[PDB]
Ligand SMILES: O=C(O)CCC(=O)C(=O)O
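Next up: just one chain, as structure tokens, the form solved without ligand AKG.
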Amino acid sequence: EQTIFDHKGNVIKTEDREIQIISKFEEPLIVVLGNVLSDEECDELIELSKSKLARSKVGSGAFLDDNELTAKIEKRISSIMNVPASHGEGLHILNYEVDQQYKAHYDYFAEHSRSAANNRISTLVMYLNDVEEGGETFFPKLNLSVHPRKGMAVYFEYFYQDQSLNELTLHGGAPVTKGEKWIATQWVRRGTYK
């Protein structure tokens, strides 16, 4: 089966950054990526997420609000995921700490679901900090895990005709046992989502 992600070789040349292709699990496609966000961009995304400052307009986790930094990153992400940024839900920030985990789940919606009309097709999780211990992104049906490393990311997609491959993208966030974990997530839909 063809994949949405189609980058060959060892790097993805985006407009403002060279992304490193680190490892690939082929089907379903799970790709570890390096050099996705700079260290300062990582710090700024956390700082933005904790802040209650917003721009004025006339008239767990949370999606960030658009600014010049966040638009730059969605543009970069769009190159990586081969789908226009208009299809992304925006930079969602999640933070979990010691004695917490994110239970395993699929990122897409059920066929009987209402949001299945314009269902999610692919995911990028960006590690915004270094986790002292724990906090892996794990795929329990694949026996595969990606450990948080600041500036790196895991891409995976679930848009296959054989929906068995799609159910293999079940994933979770492992317990943090030392420190804390901050991730940015971009969920991409099959159609324009705005």
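When you see a residue number, it is the position in the sequence shown, counting from 1. We call the rigid core the largest set of C-alpha positions that still match within 1.5 Å between the two forms. Only residues modelled in both forms are compared.
Although it is not shown, the form deposited with ligand AKG bound is what the next lines describe.
Using a 2.4 Å cut-off against backbone and C-beta atoms, ligand AKG, superposed onto this form from its pose in the entry with it bound, places no atom that close, and the site is open. Although the partner is absent from this view, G172 contacts ligand AKG in the entry with it bound, with a non-hydrogen atom inside 4.5 angstroms. Residue contact with ligand AKG in the entry with it bound: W187 places a heavy atom within 4.5 Å of it. Under a 4.5 angstroms non-hydrogen atom cutoff, ligand AKG in the entry with it bound has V125 among its neighbouring residues. Proximity of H105 to ligand AKG in the entry with it bound: non-hydrogen atoms within 4.5 Å are present. Checking 22-30, 164-172, 35-43, 63-71 against ligand AKG in the entry with it bound, the stretch whose residues place heavy atoms within 4.5 Å of it is 164-172. Compared with the form shown here, the C-alpha atoms of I77 and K52 sit at least 3 Å closer together in the entry with it bound.
In the entry with it bound, the CA atoms of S86 and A54 move farther apart by at least 3 angstroms compared with the shown structure.
Superposition on the rigid core leaves 52-59 as the sole run of at least three consecutive shared residues whose Cα positions differ by 2 Å or more between this form and the one not shown.
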